[PDB]
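Just one chain is shown here, as structure tokens, and it is the form solved without this ligand.
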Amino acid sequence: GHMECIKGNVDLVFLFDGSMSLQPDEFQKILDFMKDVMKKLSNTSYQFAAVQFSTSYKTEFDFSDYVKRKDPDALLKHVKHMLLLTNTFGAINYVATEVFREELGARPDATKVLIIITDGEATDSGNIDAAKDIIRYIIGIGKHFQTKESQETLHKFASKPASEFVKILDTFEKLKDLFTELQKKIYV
């Protein structure tokens, strides 16, 4: 029950896949999921940042942007789908070093949470030692995670145990349902 153990201030980053496999409506459903989560946790001790990744990495908004403009529709208005590869290792290192920074609104007393949303196996390699103080929850969606073997490639990015921190969805429509399952775990 590690998700139920989180208490107090939480700095949560969405790391979302903008790879070439995604159809326009699928990309939009990822955006809507992030908006739904932010709206439901509005006015709690949560604050949010969001990073799109594909071949390279872009901070769509920093924690300090969220604090000023606490409006999910406005914060994500300008997102452009990158349509390239899936460099997940680099992306996690980007979040750990470029996003969780006090200069950008990160709080020193906040538990660090990373929700990763992806529709494919990573196209890079490396390590994520830099993320060892981040709780990592990964959502893998769609046909590229049909096989058990592909599902297990995500375990190396997630916190342990995989049974808690790796969620496989067969379609993008299940994101709405996942949202509901997650609210019951998160204490506010």
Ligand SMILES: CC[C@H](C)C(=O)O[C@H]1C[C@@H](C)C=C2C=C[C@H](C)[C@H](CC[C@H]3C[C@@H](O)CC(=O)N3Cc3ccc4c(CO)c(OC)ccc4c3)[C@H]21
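From 1 onward, residues are counted along the sequence shown.
Omitted here: the form deposited with this ligand bound. The next part is about that form.
Q: Please overlay the site onto where this ligand binds in the bound PDB entry and tell me whether the pocket on the shown chain stays open or is blocked (3 or more ligand atoms within 2.4 angstroms of backbone or C-beta atoms).
A: After C-alpha superposition the pocket is blocked.
Q: Just to confirm, with a 4.5 Å cut-off on non-hydrogen atoms, which of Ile128, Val37, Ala122, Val51 contacts this ligand in the bound PDB entry?
A: So the residue touching this ligand in the bound PDB entry, by this definition, is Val37.
Q: Given that this ligand is left out here, which of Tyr57, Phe157, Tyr66, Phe33 has a heavy atom within 4.5 Å of it in the bound PDB entry?
A: That would be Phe33.
Q: So which stretch, 58 to 66, 130 to 138, 24 to 32, 149 to 157, is the one near this ligand in the bound PDB entry (non-hydrogen atoms, 4.5 Å)?
A: Of the options, only 130 to 138 has residues within 4.5 Å of the partner.
Q: At the 4.5 Å heavy atom threshold, is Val113 in contact with this ligand in the bound PDB entry?
A: Heavy-atom contact with this ligand at 4.5 Å: present for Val113.
Q: I'd like to check something about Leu15: if you look in the bound PDB entry, is any of its heavy atoms closer than or equal to 4.5 Å to a heavy atom of this ligand?
A: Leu15: no, not in contact with this ligand in the bound PDB entry.
Q: Just to confirm, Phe172 within 4.5 Å of this ligand in the bound PDB entry by heavy atoms?
A: Judged by the heavy-atom cut-off of 4.5 Å, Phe172 is well away from this ligand in the bound PDB entry.
Q: In the bound PDB entry, does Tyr46 come within 4.5 Å of this ligand, counting heavy atoms only?
A: Yes.
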